[PDB]
2 protein chains.
Amino acid sequence: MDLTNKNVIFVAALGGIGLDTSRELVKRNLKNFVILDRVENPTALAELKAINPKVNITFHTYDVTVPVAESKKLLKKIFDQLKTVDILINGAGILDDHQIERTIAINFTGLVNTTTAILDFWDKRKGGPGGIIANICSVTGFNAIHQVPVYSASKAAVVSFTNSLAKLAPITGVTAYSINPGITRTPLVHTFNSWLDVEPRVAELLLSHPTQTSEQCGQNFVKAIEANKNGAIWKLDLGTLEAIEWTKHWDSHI
Amino acid sequence: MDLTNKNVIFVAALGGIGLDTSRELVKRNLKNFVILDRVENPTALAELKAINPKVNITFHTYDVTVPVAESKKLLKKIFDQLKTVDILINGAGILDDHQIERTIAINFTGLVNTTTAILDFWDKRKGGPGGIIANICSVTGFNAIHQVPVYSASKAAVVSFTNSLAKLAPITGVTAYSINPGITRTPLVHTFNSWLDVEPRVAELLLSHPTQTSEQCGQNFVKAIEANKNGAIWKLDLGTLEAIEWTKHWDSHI
Ligand SMILES: CC(=O)Cc1cc[n+]([C@@H]2O[C@H](COP(=O)([O-])OP(=O)(O)OC[C@H]3O[C@@H](n4cnc5c(N)ncnc54)[C@H](O)[C@@H]3O)[C@@H](O)[C@H]2O)cc1C(N)=O
Ligand SMILES: CC(=O)Cc1cc[n+]([C@@H]2O[C@H](COP(=O)([O-])OP(=O)(O)OC[C@H]3O[C@@H](n4cnc5c(N)ncnc54)[C@H](O)[C@@H]3O)[C@@H](O)[C@H]2O)cc1C(N)=O
């Protein structure tokens, strides 16, 4: 798909992977780039606006742990201005297995709730135009980092949820694919809590293995968006972009 | 493992799969069988007690959506009386993708919290004896029923979470394995809501394919418990018991 003149909403665009993805995205001559993020970052906004003055960049404070009704309210405001939105990127994520409930609320529930809210505007059953959802999941949704079992389980959830969304496309009009980075040097992984501190040095041990930069990650992210393959499960690991095949262990037949 | 004179806690023992599993379990001459479930069923209780009068059967009202501190409170009493608990079975589950938050809270968060609570009594790092966790996940954790994407993603999370538990056993002393039933004729699947009603006939379509009874499921469940294989991923589908191999797509190296 061609990003020229598209309207994009990116939830959690100002994080480490987000920001480097965002720098590449706004190079593509979007019409509108809507950033939804919990925490203002004024420096990153100015930087992004610097790169490509043609793009209209707007920022709205958004916490993905709000109720679906609050998401719908905010999204109505955005559709009211923009009329159409082509792509939603769900990128919010924390890594701290001391915060069990909060990990699941942000990494899993909130992504489902934002998706659920936007379907109100996109669902072809309601007359909507359909749309495209890019979900930032994680290779730990494939195979856990088992010293952070909660984080990894929340990401296994959103890989599954994204697979299912992609299979609902003929009914809803909304296609979907997951973006699953391998270990990427950002503030997320520099220091973090393991579950019941089974491994207090998890961050040190993790970064003694090969990693990628957020710029490598960001570059491959935009390529996967431009590939626009419904149901792809993209692995972005050590600077490459690869589609994995999900194992069929069981089939519901429906 | 030999179940004779074992002490078992079974969360959600009085449901469709639970009850048929429980009938087999109490045949094995447990010392103590502790049922935790959201509501008492004196019919089922009296039945179970009838089958094997040697087993001491106790019931406590438990909702898995309470905070960890409440779980610990309840567990502390149980450990104090029984002194040792050999096996915990987490089986609570709902199926209703109109209740997004509630699905996640019961199917995923609640299982994590019960597990987190009991580790206080079992963790070998704290002087505990270690222990055995059997988690009821679902084949939809392998491959979704995509008309109930939230239910299925919640079960993908607990499969992942169970795999990670099993890999933490050398540190915690607590082994674990998942029990993943295929479609099993119980009140769970007779009628249920799909997500945004993408498929209002999901139950009808599902039960037009081969199923298994809860008695078949129940028999194979006790065999898997007797197999006692840490890290097993057990599929209980169409009356068989099979261990699946999880695909290694990615490795954390730690
Ligand atoms: C460890 C791992 O998962 C491997 C890899 C894959 C996935 N991820 C994921 O990629 C995404 C971005 O992570 P990062 O490395 O950029 O981390 P980061 O902490 O720099 O970025 C976090 C982003 O999520 C947003 N966010 C957090 N809580 C929010 C809330 N309640 N509402 C709205 N936004 C919220 C922040 O405001 C910020 O924009 C996350 O979803 C994360 O889980 C990270 C990596 C990595 N850094 O190596
Ligand atoms: C549908 C599917 O995923 C295939 C299969 C695999 C796994 N499962 C899982 O098996 C387990 C039992 O399902 P079932 O079919 O016996 O359903 P059921 O409705 O008869 O039983 C639900 C059990 O969970 C308990 N429970 C629910 N909410 C609770 C709460 N808040 N606190 C404490 N306990 C609570 C109930 O009280 C009951 O004991 C669930 O984890 C379920 O998701 C069912 C099937 C099946 N029935 O075909």
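Recorded method for this deposit: X-ray crystallography, 2.2 Å.
Each residue, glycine too, has its Cβ placed from N, Cα and C.
The N-acetylmethionine annotation in Swiss-Prot covers B:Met1. Under the heading NAD(+) binding site, Swiss-Prot lists B:10-33, citing experimental evidence as support. The substrate binding site annotation in Swiss-Prot covers B:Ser138. Sequence annotations record features per position, and here Swiss-Prot assigns active site, proton acceptor to B:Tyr151.
Checking the binding-site residues B:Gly16, B:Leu25, B:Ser138 against ligand 2 with a 6 Å cutoff on the Cβ atom leaves B:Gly16, B:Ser138, in sequence order. The number of other Cβ atoms within 10 Å of the Cβ belonging to B:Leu25 (NAD(+) binding site), over all protein chains shown, comes to 27.
Rounded to a whole number, the distance between the Cα atoms of B:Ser138 (substrate binding site) and B:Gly16 (NAD(+) binding site) is 14 Å. Within the set of recorded positions B:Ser22, B:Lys31, B:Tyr151, the entry lying nearest in space to B:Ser138 (substrate binding site) is B:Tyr151 (CA atoms). You'll find the Cα of B:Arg28 (NAD(+) binding site) roughly 11 Å from the Cα of the residue listed as 'N-acetylmethionine'. In this structure the C-alpha atoms belonging to B:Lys31 (NAD(+) binding site) and the residue listed as 'active site, proton acceptor' are separated by 35 Å. Annotated pair the residue listed as 'N-acetylmethionine' and B:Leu25 (NAD(+) binding site), C-alpha to C-alpha distance, rounded: 13 Å.
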